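Going down the list, the sequences are from chains A and B.
Residue numbering for the first sequence follows the UniProt record's numbering, beginning at 295 and increasing consecutively.
Residue numbering for the second sequence follows the UniProt record's numbering, beginning at 295 and increasing consecutively.
A virtual CB, placed ideally from N, CA and C, is assigned to each residue, including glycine.
Right, one structure below, let's go through it.
Number of protein chains: 2
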Amino acid sequence: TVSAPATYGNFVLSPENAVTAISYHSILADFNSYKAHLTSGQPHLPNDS
Amino acid sequence: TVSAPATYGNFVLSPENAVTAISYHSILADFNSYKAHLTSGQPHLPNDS
C-alpha cells in the first residue's frame, strides 16, 4: 500500500494580491507571509506556496 | 484669531508598503484602505492620506 493524496490542492488568491494585480501586472504568492518576515528580519520562510 | 495647526502631521509608511517598495518601484498610500474598500466593493473612499 501507498498513502497517495486523494484530492487536488487549491491556491486561492489573497485579497491583498488582487490590489497588486489590478495595478502592475505581477503577483508574488503569500504576500502576507513576506510582510511578517521582513519585520522580524528572518530570511528563511517555513513554507512556499 | 484664525485657528492654524500647531504641529506638522507626519506621514508614515504602512507595513504592507514595505514589501511593495522592494518588489517594485511604486507605493500606494493607504494601501490597506484600498484593500478594505475594494474587498467591500465600494467605489468611493473616505479620506486621502
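With 16 or more other Cβ atoms from the protein chains shown falling within 10 Å of its own Cβ, residue 325 of chain B counts as buried. The closest CA to that of residue 309 of chain B, considering only B:342, B:336, B:338 and B:322, is found on B:322. DSSP, read as helix, strand or coil, puts residue 309 of chain B in helix. Under the Cβ criterion (8 Å, minimum of three pairs), the stretch 297-307 of chain B does not count as touching the stretch 332-340 of chain A. Residue 313 of chain B belongs to the set of residues whose beta carbon lies under 7 Å from a beta carbon in chain A. Only those residues of the stretch 319-342 of chain B whose C-beta falls short of 8 Å from the nearest C-beta of chain A are listed: 320, 322, 325, 328, 329, 332 and 333.
Annotation for residue 343 of chain A: 305, 323 and 324 place their beta carbon closer than 8 Å to its own, counting only its chain and skipping 5 residues before and after. With respect to residue 313 of chain B, residue 328 of chain A sits close: the two C-beta atoms are nearer than 7 Å. The three-state reading of DSSP puts residue 328 of chain B in helix, counting H, G and I together.
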